[PDB]
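Those protein sequence lines, which keep their order, are chains A and B.
Read in order, the letters of the first sequence correspond to residues 251 to 577 in the authors' numbering.
Read in order, the letters of the second sequence correspond to residues 256 to 579 in the authors' numbering.
Ideal Cβ positions, reconstructed from N, Cα and C, are used throughout, including at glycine.
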Amino acid sequence: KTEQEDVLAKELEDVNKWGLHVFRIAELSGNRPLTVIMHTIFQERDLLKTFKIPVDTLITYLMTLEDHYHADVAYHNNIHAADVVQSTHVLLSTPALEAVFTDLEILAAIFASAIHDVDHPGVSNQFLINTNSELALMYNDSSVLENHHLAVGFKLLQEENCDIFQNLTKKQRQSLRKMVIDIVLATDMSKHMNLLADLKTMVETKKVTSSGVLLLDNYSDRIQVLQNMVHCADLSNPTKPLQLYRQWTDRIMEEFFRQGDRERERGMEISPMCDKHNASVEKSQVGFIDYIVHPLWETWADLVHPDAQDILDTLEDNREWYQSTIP
Amino acid sequence: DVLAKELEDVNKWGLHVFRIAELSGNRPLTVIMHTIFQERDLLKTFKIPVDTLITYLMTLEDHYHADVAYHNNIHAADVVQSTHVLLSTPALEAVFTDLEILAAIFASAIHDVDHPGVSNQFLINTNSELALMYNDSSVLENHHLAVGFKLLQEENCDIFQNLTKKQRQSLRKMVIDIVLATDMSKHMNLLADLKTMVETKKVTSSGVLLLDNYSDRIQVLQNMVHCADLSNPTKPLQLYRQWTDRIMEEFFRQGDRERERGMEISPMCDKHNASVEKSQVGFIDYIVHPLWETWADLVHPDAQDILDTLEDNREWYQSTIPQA
Ligand SMILES: COc1ccc(-c2ccn(CCC(=O)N3C[C@@H](C)O[C@H](C)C3)n2)cc1OC1CCCC1
Ligand SMILES: COc1ccc(-c2ccn(CCC(=O)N3C[C@@H](C)O[C@H](C)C3)n2)cc1OC1CCCC1
Ligand SMILES: [Mg+2]
Ligand SMILES: [Mg+2]
Ligand SMILES: [Mg+2]
Ligand SMILES: [Mg+2]
Ligand SMILES: [Zn+2]
Ligand SMILES: [Zn+2]
């Protein structure tokens, strides 16, 4: 749903697959990967018809949302947003979750993924706190960027011909709003340990039908699975085909080193992994996997067993790549 | 003058704050904060220039709204002064650092600044910019904090300028934790934990509370400022009556806006159907007494007189309500 001069349709055939080449999509779409992928998912899940979303309204909002991801930020840009959307889209389709979620809950998870880093400045919450930024002042040092991402994502609905939720009922809007806020605030890394703990508890008390489909009894259960799902998608780089992962790693190091440069310039202690003069990119990816990504994904794999087995296997193959390339 | 005479009672529960408002040219927050900072020797302890302090206070007080009947500068001054009294409760003697004392008092002063006179729920329900900015979570309390700290940036307003970097960071953290605890949606959880704190509390031989970690310390300051926020019905009846007038005027004005917007009118906000007596009794019964009873437990017997007044005031408001 954007001028492309190409196609693009061949690549988009993998939109239902892990390891869709999102960088290729960005190139082929004129750097509109978020609009393209979102538009394709909404058509495929029939969400326009279900929620009576005018298509030109959808594309107008997406283009505006995409414009508020910063082009000069190496990792937290429209491609990452497109990536987390598409990954969530795939996770939602997992067999163990078949017919578990409503169309509104599906819509919430996808919308949340799309806005979850919008207007990201390329620095961390802690950098913003430490430098007494207006944003950290606004949000009292609490989930500073995640609060902002939500505010922007919802505020953009008010731009001309941009309110994709105009035909939701008041109650639907309220519920969707609550769910999106819950999901995006859960992408705050400071909540990771708590989220994982609660995911492990969920796995332990897992209930499945005969077909091995999860049974969730209430909002707490459903929102918790959605929170962890989008958190998994946000943390999915190392579980992707290696060539994708390698580029994601290049981008986050570029973004991190730029923060470190800002810290160095202001005589601040340089943050962990943000010192380009003293970095161990490969070692850092292995620690990332060992202490953050594998624990999470092993637990997700548990919840949806064996739906996520190949992802766990790739994660292990990718861990070995970076291991084998430590100098 | 007469103001200096009224301010002699600044260390006592039931200070006539309305009188101080009148006599100070409607600057109760400024004069009471100044008085308390002198009293506790805060300017000396924290190298705060008096011209700075006053400049900040006047700006802060200007940012309370004149046309808001309850949530204005008089309420701010009242919570400041009540917190100030509670801090000096015997059970808490030499428990808190001067920084923690500064944090509680500063928190109280800013805790409702720029209040628009309507509730969080109203702001959420009318899709306000404030609720949009803060994702429906502690909407006004986040706002109060942001504005309160932001005013420090004004010309000659930075009263913390001579705090060490660690001091400023610690103070900022404590003030945030305290003002967020004034969100009513956290009341039951705060109360629930306070009861458990009380159940397991430790005291020295001298009878003073022992609070070993930050979690316990801030928990007590959170509930202290929450009690001061909720202290109207524990005051002499002449004062309590005026507070009741004001909150009802404020609530009915919110109800008027809700009616004009075709919205369901919020509980106790309909000028046509509300009973002040029934409302205040319910307020004491389900919110104020359960909290103050727990506070009185914590510091027993320090708060018994406060609790007695509360129970008298309850018995009083319920006397004109027919009952079986
Ligand atoms: C391909 O590499 C990464 C991809 C993603 C992340 C990562 C960690 C947490 N998230 C979740 C979102 C989040 O909360 N943040 C908060 C902030 C701490 O930085 C993160 C970047 C964003 N994402 C980390 C990656 O690498 C590590 C960072 C230095 C090398 C190891
Ligand atoms: C003198 O009367 C009152 C004085 C104070 C309060 C009161 C309740 C909660 N607080 C704590 C601060 C707060 O959180 N809020 C959130 C909002 C719900 O309304 C309150 C206004 C403020 N303060 C209530 C009083 O009574 C109400 C009028 C009808 C009976 C109830
Ligand atoms: Mg193919
Ligand atoms: Mg983020
Ligand atoms: Mg369950
Ligand atoms: Mg308040
Ligand atoms: Zn992200
Ligand atoms: Zn208040």
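Minimum C-alpha distance to residue i - residue among the options
i, options, result
"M503 (chain B)", "B:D367, B:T489, B:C524 and B:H318", "B:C524"
"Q424 (chain A)", "B:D552, B:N390, B:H481 and B:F538", "B:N390"
"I414 (chain A)", "A:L357, A:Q474, A:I303 and A:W550", "A:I303"
"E409 (chain B)", "B:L308, B:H366 and B:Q578", "B:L308"
"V453 (chain A)", "A:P556, A:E255 and A:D333", "A:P556"
"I287 (chain B)", "B:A324, B:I329 and B:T314", "B:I329"
"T338 (chain A)", "A:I360, A:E532 and A:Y319", "A:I360"
"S530 (chain A)", "A:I576, A:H544 and A:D567", "A:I576"
"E253 (chain A)", "A:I542, A:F273, A:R282 and A:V350", "A:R282"
"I431 (chain A)", "A:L315, A:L395, A:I542 and A:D353", "A:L395"
"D540 (chain B)", "B:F292, B:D438, B:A259 and B:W571", "B:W571"
"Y311 (chain B)", "B:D353, B:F404 and B:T344", "B:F404"
"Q559 (chain B)", "B:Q509, B:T344, B:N380 and B:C412", "B:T344"
Cα-Cα separation, residue i to residue j
i, j, result
"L546 (chain A)", "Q416 (chain A)", "36 Å"
"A364 (chain A)", "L400 (chain A)", "10 Å"
"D467 (chain B)", "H481 (chain A)", "36 Å"
"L297 (chain B)", "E355 (chain B)", "11 Å"
"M429 (chain A)", "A346 (chain B)", "44 Å"
"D317 (chain B)", "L387 (chain A)", "20 Å"
"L357 (chain A)", "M518 (chain B)", "28 Å"
"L445 (chain A)", "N478 (chain A)", "7 Å"
"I520 (chain B)", "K526 (chain B)", "10 Å"
"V463 (chain B)", "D563 (chain B)", "22 Å"
"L284 (chain B)", "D264 (chain B)", "15 Å"
"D367 (chain B)", "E277 (chain B)", "21 Å"
"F538 (chain A)", "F507 (chain B)", "55 Å"
"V373 (chain B)", "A332 (chain B)", "20 Å"
"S486 (chain B)", "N266 (chain B)", "15 Å"
"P371 (chain B)", "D322 (chain B)", "9 Å"
"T451 (chain A)", "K441 (chain B)", "25 Å"
"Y495 (chain A)", "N327 (chain A)", "16 Å"
"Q535 (chain B)", "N568 (chain B)", "9 Å"
"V475 (chain A)", "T314 (chain A)", "29 Å"
"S470 (chain A)", "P522 (chain B)", "28 Å"
"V350 (chain B)", "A436 (chain B)", "21 Å"
"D448 (chain B)", "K299 (chain A)", "48 Å"
"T499 (chain B)", "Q376 (chain B)", "21 Å"
Heavy atom of ligand 6 within 8 Å of residue i beta-carbon
i, result
"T437 (chain B)", "yes"
"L395 (chain B)", "yes"
"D432 (chain B)", "no"
"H326 (chain B)", "yes"
Closer than 8 Å: residue i CB and nearest ligand 7 heavy atom
i, result
"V402 (chain B)", "no"
"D367 (chain A)", "yes"
"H398 (chain A)", "no"
"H330 (chain A)", "yes"
Exposed unless 16 or more other CB atoms sit within 10 angstroms - verdict on residue i
i, result
"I561 (chain B)", "buried"
"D484 (chain A)", "buried"
"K251 (chain A)", "buried"
"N382 (chain B)", "exposed"
"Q573 (chain A)", "exposed"
"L465 (chain A)", "exposed"
"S392 (chain A)", "buried"
"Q336 (chain A)", "buried"
"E505 (chain A)", "buried"
"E384 (chain B)", "exposed"
"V272 (chain B)", "buried"
heavy atom of ligand 5 below 8 Å from residue i C-beta
i, result
"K457 (chain A)", "yes"
"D467 (chain A)", "yes"
"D471 (chain A)", "yes"
Contact test: residue i Cβ vs ligand 8 heavy atom, cutoff 8 Å
i, result
"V334 (chain B)", "yes"
beta-carbon residue i near ligand 3 non-hydrogen atom, thresh 8 Å
i, result
"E263 (chain A)", "yes"
Nearest-angstrom Cβ-Cβ length linking residue i and residue j, presumed shorter than 8 Å
i, j, result
"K490 (chain A)", "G269 (chain A)", "5 Å"
"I433 (chain B)", "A362 (chain B)", "4 Å"
"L418 (chain B)", "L426 (chain B)", "7 Å"
"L553 (chain A)", "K457 (chain A)", "Rounded, the Cβ-Cβ distance is 11 Å, inconsistent with contact."
Heavy atom of ligand 4 within 8 Å of residue i beta-carbon
i, result
"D484 (chain A)", "yes"
"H370 (chain A)", "yes"
Heavy atom of ligand 1 within 8 Å of residue i beta-carbon
i, result
"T338 (chain A)", "no"
"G537 (chain A)", "yes"
"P488 (chain A)", "yes"
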